[PDB]
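# Notes for the structure review
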Amino acid sequence: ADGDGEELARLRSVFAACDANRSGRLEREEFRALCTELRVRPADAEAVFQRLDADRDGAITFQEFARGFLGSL
Amino acid sequence: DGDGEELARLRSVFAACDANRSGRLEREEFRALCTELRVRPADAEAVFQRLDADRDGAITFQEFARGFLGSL
Ligand SMILES: [Ca+2]
Ligand SMILES: [Ca+2]
Ligand SMILES: [Ca+2]
Ligand SMILES: [Ca+2]
């Protein structure tokens, strides 16, 4: 219980820190921009983004982000 | 403040990824987070190798943020 609770808190913390524009989603441009700051190349950034953006609308919701963890409960 | 706020963001991302509170992103905990996010293991390992510049199996904050820190 507490372990899963902590992991959800952890995922939200990562998501929120990534979400520089405070939209509640990870838009493509801000995701790319962070990857670039971390020196990850655009093809890798896009590979990871296209994967997370399940519905291909150009922004990763927290549902999409934590799909794997939430589906595992 | 713009830069200071970016540093805080990078520090927050890093802290959240360091689940075992080692001060570093060990390959194991890094990969496990990527597995959790449903990221393909080859994409995960590529991003880990990119960050782990000295190739010791753990990402320091100096390594993680070297692009930001060195552009200051
Ligand atoms: Ca956003
Ligand atoms: Ca989406
Ligand atoms: Ca660690
Ligand atoms: Ca290292």
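Up top is the structure.
A brief look at the structure comes next.

Definitions and cut-offs
For every chain, the first residue of the written sequence is numbered 1 and the count continues from 1 onward along that sequence, whatever numbering the entry uses; residues with no coordinates are hidden. Whichever chain is written first is A, and whichever ligand is written first is 1; the rest continue in order. To get the side-chain values, all heavy atoms of the structure are used, and hydrogens and water are removed first. Residues with missing side-chain atoms are left out of burial classes, side-chain pairs and their counts. Buried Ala, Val, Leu, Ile, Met, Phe, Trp, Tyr and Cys residues that are joined via side-chain atoms within 4.5 Å together make up what is termed a nonpolar core. Exposure is judged per residue with a 1.4 Å probe applied to protein chains only, and the accessible area is read against the type maximum: over 50% gives exposed, under 20% gives buried, and values in between give partly exposed. Strands here are runs of E lasting at least two residues and helices are runs of H or I lasting at least four, both read from the DSSP assignment and numbered beginning at the N terminus. Every residue pair with non-hydrogen atoms within 4.5 Å of one another is taken to be in contact. Think of it as three bins: nonpolar holds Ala, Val, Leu, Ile, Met, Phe, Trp, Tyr, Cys and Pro, charged holds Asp, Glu, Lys and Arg, and polar takes everything else, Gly as well. Distances decide who is a donor: an N, O or S atom must be within 2.8 Å of the metal, or within 3.2 Å for Na, K and Ca. Water is not included, so sites may look incomplete. Each label reflects the angles at the metal, where four donors whose angles all fall between 85 and 135 degrees are tetrahedral, four or six donors whose opposite pairs open beyond 155 degrees and whose other angles stay between 65 and 115 are square planar or octahedral respectively, and the rest are irregular.

## Structural notes on the nonpolar core
- The biggest cluster of nonpolar side chains holds 40 residues, and the ones touching the most others in it are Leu11(A), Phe31(A), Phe65(A), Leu10(B), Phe30(B) and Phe64(B).
- Counting only elements with at least two residues in this core, the list comes to α1 (2-18), α2 (28-37), α3 (42-52) and α4 (62-65) of chain A together with α1 (2-17), α2 (27-36), α3 (41-51) and α4 (61-64) of chain B.
- Each residue touching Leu11(A), except ones within four places of it in the same chain, is listed here: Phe62(A), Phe65(A), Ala66(A), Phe69(A), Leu33(B), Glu36(B) and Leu37(B).

## Re the interface of chain A and chain B
- At the junction of the two partners, chain A supplies 23 residues and chain B supplies 24 residues.
- Within the residue set of the side of chain A that touches chain B, elements represented by two or more residues are α1, α2, α3 and α5 (67-71) of chain A.
- Here the side of chain A that touches chain B is built from residues that sort into 13 nonpolar, two polar and eight charged.

## Here's the deal with the coordination of the calcium ion (ligand 4)
All names here are of chain B.
- Ligation of the calcium ion (ligand 4) by protein atoms is provided by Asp52 (OD), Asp54 (OD), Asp56 (OD), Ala58 (O), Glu63 (OE) and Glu63 (OE), these donors lying 2.2 to 2.7 Å from the ion.
- Around the calcium ion (ligand 4), the six donor atoms are arranged such that angles at the metal cover 50 to 160°; this shape is classified as irregular.
- As a motif over one chain, the donors of the calcium ion (ligand 4) read D-x1-D-x1-D-x1-A-x4-E.
- Since its relative accessible area comes to 48%, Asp56 is described here as partly exposed.

Note that all results are geometric; they support no functional claim without further evidence.
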